[PDB]
Structures are given as C-alpha cells and as structure tokens.
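**Q** just the first chains of my complex for now:
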Amino acid sequence: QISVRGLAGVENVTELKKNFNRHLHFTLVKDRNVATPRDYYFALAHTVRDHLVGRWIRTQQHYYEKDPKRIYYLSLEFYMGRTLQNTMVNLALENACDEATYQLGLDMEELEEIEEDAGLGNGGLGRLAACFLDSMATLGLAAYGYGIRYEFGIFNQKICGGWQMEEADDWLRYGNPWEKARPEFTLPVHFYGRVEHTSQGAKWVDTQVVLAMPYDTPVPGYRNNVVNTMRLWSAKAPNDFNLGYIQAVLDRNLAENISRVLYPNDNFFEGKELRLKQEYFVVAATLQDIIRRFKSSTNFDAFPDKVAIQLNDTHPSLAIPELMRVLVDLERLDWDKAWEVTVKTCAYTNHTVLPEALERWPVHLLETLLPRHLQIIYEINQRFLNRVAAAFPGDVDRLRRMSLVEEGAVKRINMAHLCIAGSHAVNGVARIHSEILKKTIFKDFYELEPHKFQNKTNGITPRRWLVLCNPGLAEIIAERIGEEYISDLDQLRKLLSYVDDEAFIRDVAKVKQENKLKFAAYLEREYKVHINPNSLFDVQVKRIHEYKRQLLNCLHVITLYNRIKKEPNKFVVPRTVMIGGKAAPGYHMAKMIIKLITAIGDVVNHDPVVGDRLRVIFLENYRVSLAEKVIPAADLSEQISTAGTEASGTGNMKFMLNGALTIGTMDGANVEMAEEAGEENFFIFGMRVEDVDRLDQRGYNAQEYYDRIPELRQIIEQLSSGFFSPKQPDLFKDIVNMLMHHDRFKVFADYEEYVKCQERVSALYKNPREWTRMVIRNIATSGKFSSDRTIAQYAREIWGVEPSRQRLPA
C-alpha cells in the first residue's frame, strides 16, 4: 500500500501463504475451522521468525570467523515492547505479509494487537537499552545485550474508582515465539559461603549454587541482514537442591525466585536482598560467557582489545569486582595487571542525579551474600584512596567524600564511586546532565581524572519510533527525500526546503489529523470514551513522579477550567488533556497524583458549561505499545520536569519526530532539542538550573506564591476544601501539605510562566498553517536524536570500534 513498507512480489507472497498454513497445521495443531485470532497471530509470528534464522546463524558464524571486538551491554532492564512488526520492518517484509494475510482473509493489524509487550523495564532506561540494541545491529556492531528473563515484567495497571491497582504481567502465558531456550549453555552462579585464605590465594567455598539458563532473542538490524543476540538469564535450582522429600522439591522456588519479577521502581533505590541477588546473578553468568567466548577466540593482556563491557547505570556494577575475582582468584593474575585489564574493559553510564535513586548497599548484606566481593571492594577502595592522597596531600575531607565506603549508622558501599574507579570512561546522557556530574556529584572524581568524563546524548530508534508507529508520516517524507533517512536521520534536514511548500504543509497536517482520528476511535472502542478530534491533543505520558511534575500540569488544567467557569461564553481553543503513566506500587504520593488526575476528570468532563472545550483523560496502562499509538496522535508534548532533574528524557524525542510541538523546561535533552530546532520553534518556560540553585540558596517559600497569585490560591482552596472530592473532603490534604511546606521540585515557582507559555501555545494553534510550519521545523531538525548517532559516538569514543552500514549477504 505504501512504499516504505517494501515490495509484495508474487513469489514471496505465495511462499509466505504456504508457510503460514504449514505453521497453523504442524506448529499450532489447528485447522481453520477452530482457529482463533490468537492462533493466526502465532502462525504469522512463526512464519516471520523463519526468515530470521539463516541470518542469525550466519551473523554469529561471521563473528566467530572474523573475531571482532565484542560489545557487551549489561542492563537489568530491556523494555522491548512487541516484536512482530519491528521484525517485518527490518527484514522488509511488511507489505508482503500484509498481502499474504489479506489473501487468507485476515487483517494483519488485528493480528498485531494480539502480541504481548515484552515489558522487562520500568520506562526510559529500559527503553534506551532496547533502542540501543536496534542501533547496534543496524550499525553492524558485534554486540550482545545481557539481562534477566523476568517471569513477570512491569505490572499491568488497572484504574479502579480512580485509583491504581496492580496486576501481574504474565507475559509468557501463551508462549514467547521470539526466544530460544539454550539449556545446554547453563552456568553455575554462587551465593553466600565464606572465604578461605591459602598458600596460593583466596578461595570462596561453602556456597549455594543457582543455575543460570540462557534464552536468546534475535535483534535484526535495518535491512542489512545482521542479526545480533539478546541473552536473558533464567534462574534454575540444581537437581540435588535441598536433597522431607516433598518439602525439598517445593523449596526449589527459593532459588528460582531470583528471576521471577522485575522491581517496579523508576528512579528509586530499594535496598532489598532479592534485588542484590538479581544484580549478581546477571553479572556472574554474563562474565563466564564473556570469558568463554574470549578463550575460544592465557593472554588476558588482549582482553580489552577483544571485549567492551558497558554498565547501564550501577545496577550491574558488581561486574567490576567479579572480573577482578575471576582474574585474581581463578586465572591467578597479579592484582595490578587484573586491575589494568578491568579498567580498560569497563565503562559506566550514569542516568540520574536524584539522591534517592543512587545505589548504596549496606555492608552487612554484601558481607553475608558476597563475602569475597566485599573484600575485593575494600582493596579497590584502599588503593584508590592512596591515589587520591598522593594527588591531594592533606585533603582529608576529600578522602571521606571520595571513599567507596560511606560511614554512618550503617556502613554502605557507594556503587557509583565503585564504577568511576573501575571504568576508563564515565558518561552522562545529555549535555546539561554530563555538565552537572562534573560540577556537583562527581566533581572530586573529575578533578582527579578529567579524561574519564564524557557526554553521550541519548537518542531513539527511528525504525520503531517513526516507520513502525507512523507509516503515514514516513511515507510523505520518503516521497520528497527518498528512503535513506531511515538509517541516516540527519537527512531530515532536507525538509527545511519544504517549509513554504503548500502541498507538504497540507500533507503533514493531514497525517496528524488521520492519526488523531485513529486514536480517538481506539479510545472509544477499547475504553468507551468520546473525545473531540478537532481539539488540541495535549499529552504528558511518562512514569508518575514528583520530579516530572504531573502536578504542574494538573494546576494548569484546573486554571483552564476555572477561567471557563468565570467566562463561559468566551471562546477558548478546545483541548483534550491526556496524562498517563504508572506509579511504583509503594510510592504513595505518585498514587495520590493519579487519583487527583481522575478526580479532576470526574468534575471537568461532566460539567455542562464546559462542553467539549476541555476534556481530561487518564490513559490507563501506559507502556511501549500504547506509546506507539498516542505519540503520533499528539499535538503538544509536555516535558516539564524541574530544571536539573531529568537527566535526558527520551519521550521528548519521540514526540519531536512525530510532529508535536514541545512545551518544556530547559532540562536534560530539551536544551539540545531547542538548540537544534531554534528557540523560536519551541515553547520554553521556567527556571533554568541556575535559577533553581538561587532559590535554594535563598530558601524556597511556597507561601509567597500562594500569597501573590490569586488564581493559584483559588486552586489550593478548591483542593483543600473538597471541591474535587465532595464525599471525602480531606482526600488531597497530603498533596496540599506537600505543595505548601515540603516541595522539593518547586511546582509553584514555575506556575505563572507555565500558564503564560500555555496561552502562547493556544494562540499558535488557532493558526493551522503556522502551527504546521513550526512542526516541520521540528521534524526537520530531529536528526541528532537518532540512537544511531548516539551508538556511533559510544563506538568511536568509548568502545574503540568502527560502525558499518555494509550489508552481510543473505
């Protein structure tokens, strides 16, 4: 139907049709008379998977022969979403599969909606790892993603009586056709035990053993016939485990719980033993695999020439002392040489400066679970602090600040400090964030070793986040500038020569309108809600958090409502305000914010005086598959975190690529997006980082803003008095108390500038032609935010390997 979806040749369609029928019969054991849509989905997935196999085997054989430097991306999270459409896109099979299923009497889009998201992450950090895997394959890098195969991913969110309820995400119930179990490559992982010191070194003995069984998932590059691997470990008890008899077998669950569930906290550290077990499990199993592959390529001097390990935050930080343990205790390298190898192999990416998100593990947990690792960490610390002392003699406070061991009531290990000491490179994820690291939390480290610190601004894959989710936009672009931009997104700059082209303006606007109609329909059918498709679609989708300031959005919505009620017969630009995101189950304030948003909806959406001028919708169960629907439909992207708190953001980039304008603070990558597009084509408001620092030095007093801004006082009085909760008038007192007396994120300080900036948005939306011209200027300068650009920078500046667009033969 559309060009970018590839060719539908007769021979190819014929072959797909017969393989579909073959799988339905032999694989699924069904005939057409009793087959359901689910069976049809599975038959199509198996048919598409068959096309990955030859490329997968040949890619991995190619790495074996050529022996390139291998890149290992370690993460506790991979937020993959659905795989079927992505696979078709990357192998150029979408139009052929569409035609094949059409001829069989099936709608392929209907079949696509049956697939479960692979939800093995919380949000941005997990989704970054997934875009990175897509880019590494597209750039021909010999790359492996290593993680945990959680039985249960991020919970499914239900809203009941306006409140979040959680349900287990049993994503594997119907089977996962994309993974291949590899029980033959199962490896042992050790826990507990004790250290014995002998004549020939330390020995870690009396341990409990858990097995790590790998499942491999293919990761296709974009039309280059490269298929890399994501290897996810599953925990298994050994067969003699605990071996009355029945209890012993049932107690195998204690070992197997390690891979049962994803911790569901975004940007929040919870120091639980089970989480520490998960972190060591992935690290221990992965490093054995790395070393095996390296020996099957004595001379560990070449290890850093053949291996790069990238740590996605500190969560796999135990890779550093585990590598030292293997090299020292098992391979019998001297300490200094092992440390040299480790440092040159490891690199660390930091994704946050929020104190509560930083990993600081109690010494007593490490002492019990990983006694040899604690010893190694102590030794790392002593050697590091001897370097600090030599560089900064007499500076005793620096020694305390830089230590990997934090003193106090309970001693803890600072994992970020460990990562910096043991990595040859440390990066932040946007320019402003990387600057903050050098000026604030990692200042002392930067002074000691300035050469270690880098920036790598984040990106997103334009396969999933344009071609897959917005084929209509992708097509009208390819009509003008060809298809090369899909793997070289900087080519979107050529669209600037169309900003005055009347045909292009019309088409860009038509595609948004079509996306908005489709989304409005999806709402009605799947959630029985009726939105005005001519209204401005104002969207804030992301995890619920105080720092992301969904609360500031709420204050604006209430302001708009109150202004309408004051002057009902005055014209205002109609808005549909959509907010979605999951709250961590234990995060009380985030749960209260969800309830506030639905309560505002309950009042606003049923007030006859408002009509269809203002609607507020809470989008339930926000996840990767829902992002693919709502992002192409958005007009306005809300990116309104307190300056200094969002390390980068990536949702921001997805909206930019899909034809929404951004209202935002100068935070994370928003700064670079405004720089690329031009500040005139961005709706920037609020305190900069320097202004936040100034307020903090003076002392933030929320009462001042309440006292001076009548519209803000009205809202707080409505909240406190029970206007949005008539049957429970004190329901939102926690929210009010926080706003007035202990708001770390300064919601009131940005309120006036936010409201005024939102008026400017509404004014521009009244002029469709000029709205759309600004959109074209955003889409055209979105090229920098391709994760292909990001990964090429890691490759050249950290990993020491050259990217390639050259195709392997099929």
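**A** Cool, got the structure. Residues are numbered from 1 along each chain as shown, chains lettered A, B, ... in the order given.

**Q** helix, strand, or coil at residue A:233?
**A** strand (DSSP: H, G, I helix; E, B strand; the rest coil).

**Q** for it, give the beta-bridge partners.
**A** Using DSSP bridges, the bridge partners assigned to residue A:233 are residue A:148, residue A:214.

**Q** which ones are touching it?
**A** Residue A:233 makes contact with A:146-149, A:212-215, A:259, A:281-282, A:285-286, according to C-beta atoms under 8 Å, 6 or more residues apart in numbering. (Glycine included, C-beta is placed from N, CA and C.)

**Q** among these, which one sits closest to residue A:636?
**A** residue A:147 (34.6 Å; C-beta to C-beta).

**Q** so the closest one touches residue A:80, yeah?
**A** No. If you go by C-beta atoms under 8 Å, residue A:147 and residue A:80 don't touch, sitting 10.0 Å apart.

**Q** which strands or helices does the one helix or strand residue A:60 maps to pack on?
**A** Element membership for residue A:60, per DSSP states H and E: helix A:37-66. In terms of contacts (3 or more C-beta pairs under 8 Å, 6 or more residues apart in numbering; DSSP states H and E), helix A:37-66 is packed against helix A:10-22, helix A:84-91, helix A:94-103, helix A:108-112, strand A:208-220, strand A:227-236.

**Q** where do the contact lists of residue A:147 and residue A:80 overlap?
**A** By C-beta under 8 Å, 6+ apart, residue A:147 and residue A:80 have these common neighbours: A:120, A:230.

**Q** any idea how far residue A:56 lies from residue A:478?
**A** Distance, residue A:56 to residue A:478, using C-beta to C-beta, to the nearest Å: 28 Å.

**Q** quick check: the residue lying closest to residue A:28 once chain neighbours are set aside vs residue A:99, distance?
**A** Taking C-beta to C-beta, 6 or more residues apart in numbering, and ignoring the residues beside it in sequence, residue A:28 has residue A:39 as its nearest neighbour in space, at 5.4 Å. For residue A:39, the distance to residue A:99 (C-beta to C-beta) stands at 20 Å.

**Q** about what we covered before: what about the residue nearest to residue A:28, distance to residue A:174?
**A** With C-beta to C-beta as the criterion, residue A:39 and residue A:174 are 10 Å apart.

**Q** more crowded one of these two?
**A** Taking other C-beta atoms under 10 Å, residue A:39 and residue A:174 do not tie; residue A:39 has more neighbours (20 against 13).

**Q** list the contacts of that one.
**A** Residues near residue A:39 by C-beta under 8 Å, 6+ apart: A:24, A:28, A:30.

**Q** here's chain B, drop it on:
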Amino acid sequence: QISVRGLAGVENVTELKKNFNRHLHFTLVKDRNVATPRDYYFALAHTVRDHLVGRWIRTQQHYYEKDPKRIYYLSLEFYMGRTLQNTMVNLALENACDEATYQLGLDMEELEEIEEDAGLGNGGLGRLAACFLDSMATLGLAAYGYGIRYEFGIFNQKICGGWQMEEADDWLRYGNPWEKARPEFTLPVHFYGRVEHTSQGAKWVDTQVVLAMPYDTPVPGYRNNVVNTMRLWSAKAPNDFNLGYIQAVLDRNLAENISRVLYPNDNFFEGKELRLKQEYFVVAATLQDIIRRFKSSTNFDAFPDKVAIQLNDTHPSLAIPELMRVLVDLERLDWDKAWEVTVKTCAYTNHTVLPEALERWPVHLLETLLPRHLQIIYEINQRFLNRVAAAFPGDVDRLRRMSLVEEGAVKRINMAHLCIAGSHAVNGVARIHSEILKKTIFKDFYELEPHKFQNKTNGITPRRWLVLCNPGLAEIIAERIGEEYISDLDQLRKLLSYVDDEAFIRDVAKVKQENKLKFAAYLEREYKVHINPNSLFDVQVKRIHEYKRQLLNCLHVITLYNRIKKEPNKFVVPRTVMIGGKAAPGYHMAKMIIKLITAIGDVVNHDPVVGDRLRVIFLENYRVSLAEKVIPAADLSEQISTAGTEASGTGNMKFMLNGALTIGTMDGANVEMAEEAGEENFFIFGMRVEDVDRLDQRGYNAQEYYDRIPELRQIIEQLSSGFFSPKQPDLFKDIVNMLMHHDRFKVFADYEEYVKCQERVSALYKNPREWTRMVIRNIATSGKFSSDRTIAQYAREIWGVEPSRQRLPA
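**A** Adding chain B to what we have so far:
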C-alpha cells in the same frame, strides 16, 4: 533391517532426511558444525511428531462428527516412559527413520537414549494406565486420559555408599516435544470457601481460585491412523492472585505447587493436604471439560449414553461428589435424577487390599478444603445406609461397617466405600484379587449389590513390551506366523506347533543370548560392572516393599553363598542375581533392604572362592526405560509376594512375553499365568492364600522356623553378628527384629519351599534344550495378558462400547 520394523522406501527416506535438516535449522537454530547428539535427537523427534499431526486433527474431528460414547480414564499417574520409538513403531516408521539417520551419519539407537522418561507414576498402577491408553487407541475407542502434568516425576535414584539417595527428576528441563500447551482452554478450580443456603439451593462462595491449564499429548494406535489424547493439567495462579507487591507475586507459588511434584509412595496412603488438592484439581478440571464436550455434542438423561468415567483406584474418587455438585447446585437437577446419572456414568477399579494403601481422609481436612463436597458425601451416606437398613433390618453392625464415615479419634471418609456406592461397576485386577474383594474387604457391599462386582485381569501392551524392547524375538516369531499377532496376541498359540522344531528352539535361544550380551555390555559401559553372560540371569525388578519380599530373595542369595563356601569345589549353575527398584523416601524398612542388598554384593562379589559363579547386582534407578533393557535379557522372573498381597502384578507378564521362566507364589495374575501355560511349565512354590489364613488363625511364630532350619539360623546369625557390615555390626538389627517378631508377610514360612524350588530351576537350566522348550510354552500362552484383551472386556462389560480394528484413512 528386520521386517516388523516396516518399509524404508526411497521417497519416504528422502522426505524424512529433508524434514530432519529443516527442523535442525529452523526449529533448533543450529547448523551441523555445532550440533550435539541432543540436538539430533530433538530434530528427529520433531520430524516424527509432524507425522502425528494430521492423524491427530482428523481423529478428533471424526469424534466430533460421529459423536460416539466417550471414555474418560481418570488417574493421578501415567507412567509413559519414552515416546520416540513407540511413535515410530505405531506409525510404521522405524526402518525408514533408521535408514534416514544412517545416511546422515547418525546412529538412531544412540539418539533414542537421549530422551527422558516421562516418569509420571510410581510403578504398576501408573504403567497400567499407560498400556491402557495404547490399547484404547489401537482398538479405536474414543478415549481420553486425564491426569496432572507434574513438573517433577518419580525421583531419580542414586546409590551412595550402598544407600538410596533421591534427586529431583527435572524431566522438562530441555523441553518436551510431545506435548502441546492449550492455554486457551484454561479452566478455574475452586478451593476453601463456605456454603450458603438460599431459596434456590446451596451456593459455594468465598473460594480461592486456581487455574488449570491443559497440555495435550498424542497417543497413537498401532497402524490404524487413530490418535487419541492424554490431557494433563498444570496449575496456574490467576493474575490478580494476592493482588507488598513483590511478595504477592512471589507467593503465586502457593497455588502453582499443586502440580509441582508426584507423591512417590507405591501402595501407601499419606493423608496430606497437598495430595488432596491434587486429587480435587484433576477431578474439577476434567469434569468441566467432560460437560463442555457433552453440551457441544439440557438433557442429562443421555449423559451416561455419551460418557463413561473410569476411576483408576480411589485417587480420583472426588469425581462422584463433584458430578453431584455440578448437577444439583449448577444444573438444578433433583437429587435422585443426578444420582441416577452419576452411578450410571462412574465405574471404579480397585488395585489393592493392603490396609495402609486405602484412602481414608480426615473429615477436618475435607471440611476446610471442600465444604460443599463433605455435605454431599454426608447426604450420599445417609441415603445409602437407608438402603442397607431396608435390606438387612436390625443389622446394626453392618451399618457401622458399611458407612462411608468411619468413627474414631478422628472421623474419616472411606473413599473406597464412596466409590462402590457411586459406581455401577467395581472391578479387581486379577481373578484371585476380585474373589478376595467379594470374600473379605467388600463382602458387605457384594451382599447388597452382587451385580456390581466384576473381574478385569490386567494386561500389558505388546507394542512396547515385545516389538519395541525385543525386536529380535518379534522377528523370529513373525517369520513363522506373520505379523497379525502384534494386535491379536492370542495368535502366539500357533507357536506351540514349533516346540519340537529344532530351528525355532535354536533361534529363541540365540535371541536371549544376544539380549544378554547387549545388557552385559550396557552394564559395563554405563556402570563399569562386569557380569558373566553365560550365567543364569535371575531378576527381581519392582518397587521395594515388604510385601514383594525382596528379603526372601536375599535369604536365598545368602544360602547359595554359604553353600558355596561350605563346598567350594562342587559345581553349581552360575547365577547373576539382579535386584532393582525404588524405595519411597520415607519408607525406612525399604531403604534398609536396599542397603542389605548392596552389602551382600560387597561380600559376595569380592570373595575369590566364589569367582564368577555368583554375582549380586543392584540395578540403580529402575524405571520404564531400564525395564525395556533388562526384561528381554532375563532368564528367571522373581514374582514372590506373599499370597494375597499382589493384586495382579504386571512385571510378571512382561517377563513371560520376553522368554523368561517364572518362579512365583500363587498370587495375583501369577495364578492365571500358570493356568494358561500349565503348572508344569511354571516354578510354583509356597503358601496359597488359604495357607496364609490358616497360619494367621494359629498365630505366626517366626522362631519355630529359626529353630528347625539350620541354614536359616546361620543366615540370621550372620546378619545379627555383623558379617555383612564389619564396621557397623548392628546395622541390620531392625531387619532381624522385624523378621523374628513382627513380620506381616511371613518370609520364613516360604523359605524352605522357595530354596527347593530354586534348586529345580538350576537343574532345568543345565539342560538348554528343555529350558528353551519350556520358554516356548510360556511365550506361546502369553496371549491372554495383552492389554488389548483387557480393554475389550472393559469396553463390552463396563463401558457399553464396541472395539474396532478398522483403520481410519490417512
């Protein structure tokens, strides 16, 4: 190579070769350069499985159209063993697969040894269900086996220092290619809760829900293109189960433990809550499936015309009150009509008279777990006892004896009494056993309802237990009488015309010798043990139990040893005595017997004076796959249970079919085997049932036998004094104390007659021609013991359906 293995046509071999390679590539994601024997096994299994699919779909569609009466065989145990060879045999693919793999450079026998046994049973009762499924398919019955898919089957037995150790049987680790998950047909099962009485009947409310997810396994008939289904249920937690957050997800294991492990007790009842949950789980899920299929065929009067439910012992006895519950509480049938339907639908097979094996559930467990069921059972009991009272007025002790409720310290429900009340037919499993039921434990029931009581003597499938395990024997038979006997085993009677044929005598003896050499080699390679292949192979393989009297065998072995030591230079017929079997993990005496057998081996096998005249081997990890190796190699089959204790036995029948002579008591089916072959062709010894009864009336005094039999006194003194345990002299005191003071099974009473009968065996073995002529007379009269004969009798006399040998079209 051999005719009974079918044809190897070029087209067929060509197609198998290309499907093997296809599966290795696309299914396994391997190439030949890194593929291991395991991968090659899996590629062959998938190739063979593809041939089942069309036949499976067409068989089930045929039942849907024709709507025959359906037979549901409910069991907690299905001891299936390996599936690959059986499937090839039944589809006539063995020679073609042999040729195909030969041409690919592989040995198919090597590939066969990689497959795990499906060990979902303890021994005879579970293996009976498996032979029955094979016969039902071969006879064209519309039959379904329903059970539990245990994650862990019967434990793997290791012998360490002469003692049994248990290891979990993680049979699913590498995947099971023979099953198909059917998550779409998942059904809810209820537990706990309470009963509410309303205007319109009882309601069972406030229950906990566990889901039952079915996995289907095909069951091919022998060369008739029929493929029936074995449906096994797996327990799953609902997604809102227990829904801090992490604990709630981890606690899902509480629900899922129901299907985790097989209780490993043979002929012993253990009244544990988890076992009761397993029994209700299989019953509740199965009956919903039965009723669904019946409605998709209001009028439950036709239910018994369209459904037969066979209860494999009392373990699925809750089917009776569950069916009443559904009919009364849910379908709103009046009690009397529901009871009529239930009785006509259900039939019960009893497999034991041992008191400790009989299920008697505490009322307090049922009251908590299954409150509505207890109420229904009370009501069944009251109505039944009103019938007894009308039939036998004033006989108050009969009312107490017949009650389903047993009074005492703790009240219990007698499940056998429940089954008799609620079944239109009750059978034992061999003629002597069925007679004992009517004379002893079920006498009162037989007096009330004589028409209910039947016999169905057990059998074994001659596909697995001749053609598969002993192709050499199968071939030399088919040369003389053709191939029809494989599905009509009574045709073996034609072999009586060859008992004087010198060529046949030679061939029968050659095949045994070849089987013995092969087994002797298997021992050496897999267990480094060196046995004399010219010796008499004297074999007792079966679960370890006091009633089976492995101890009596031990006394004979020690007698033979002592007699050799007394007269070293006298000639005796060389013997290899092999004993194998698993002990239940909590059965202390059975564990002590294993240790005794290995301790006797330690002394005997290293005494230079004995040489290779006597060897004693304990065969580790006895299971279906090992039975298939050792049974064709045996000369003498030991079937020596105390008369009245082995309900039937089935190992006995396997040995008879495979050319061993039997030494045995007149117990279970041994009686009928002697009757078929002629008493002159059987080595019968010992007390009959009547003699055991006489001794019990007088009082069994073991001391009498000790006092009168010097050879027996010598053995006991050796045991007591530490002759077989020099470093722990009192090691076997428990065994001695039991033998002397509390032997329920009268080991000493049968000792003299056993030893004398064993002398007659040795005398006949010295004459190879006459040995072999007696063997031919056994093989020739083994026809009655085909499970095809058994199932035809159930079909005609219990289920009301006619068997068929007519082939469905392929």
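
**Q** and what packs on helix A:37-66, now that chain B is in?
**A** In terms of contacts (3 or more C-beta pairs under 8 Å, 6 or more residues apart in numbering or on different chains; DSSP states H and E), helix A:37-66 is packed against helix A:10-22, helix A:84-91, helix A:94-103, helix A:108-112, strand A:208-220, strand A:227-236.

**Q** count of neighbours near the closest residue to chain B within the stretch 101-250 of chain A?
**A** The nearest approach of the stretch 101-250 of chain A to chain B comes at residue A:245, 3.9 Å away (C-beta to the nearest C-beta). Number of residues near residue A:245 (other C-beta atoms under 10 Å in any protein chain shown) recorded here: 18.

**Q** ok, which residues in the stretch 1-150 of chain A are in contact with chain B?
**A** Within the stretch 1-150 of chain A, the positions near chain B by C-beta under 8 Å from any C-beta of the partner chain are A:25-26, A:29-31, A:36, A:38, A:50, A:53-54, A:56-57, A:61.

**Q** by neighbour count, which of those wins?
**A** Neighbours here mean other C-beta under 10 Å. Within the residues of the stretch 1-150 of chain A next to chain B, the largest count is held by residue A:56, at 22 neighbours.

**Q** now the helices and strands packed on helix A:37-66 as a markdown table including distance to residue A:67?
**A** Shown next, in a markdown table, are the helices and strands packed on helix A:37-66 (distance: least, C-beta to C-beta, whole Å):
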| stretch | distance to residue A:67 |
| --- | --- |
| helix A:10-22 | 35 |
| helix A:84-91 | 26 |
| helix A:94-103 | 35 |
| helix A:108-112 | 39 |
| strand A:208-220 | 20 |
| strand A:227-236 | 16 |
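
**Q** and residue B:671, which of those is closest to it?
**A** strand A:227-236 (48.8 Å).

**Q** using CSV, write out every CA atom in that closest one.
**A** Coordinates of each C-alpha in strand A:227-236 appear next as CSV, following Å, rounded to 0.1, in the frame of the first residue of the first chain:
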residue,chain,number,x,y,z
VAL,A,227,21.0,-10.4,13.5
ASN,A,228,22.6,-10.0,16.9
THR,A,229,21.6,-11.6,20.2
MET,A,230,19.9,-10.5,23.4
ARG,A,231,20.8,-13.2,26.0
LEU,A,232,18.5,-13.2,29.1
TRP,A,233,19.2,-15.5,32.1
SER,A,234,16.6,-17.5,34.0
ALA,A,235,17.3,-19.0,37.4
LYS,A,236,17.0,-22.7,38.0
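
**Q** between it and helix A:37-66, how big is the angle?
**A** Per axes from the mean of the first three to the mean of the last three C-alpha atoms, to 10 degrees, the angle that strand A:227-236 makes with helix A:37-66 is 110 degrees.

**Q** gap between the next helix or strand after strand A:227-236 and the chain center?
**A** The helix or strand immediately downstream of strand A:227-236 is helix A:245-250, counting by DSSP H and E. For helix A:245-250, the separation from the chain centroid amounts to 40 Å (computed by C-alpha atoms, centre = their mean, to the nearest Å).
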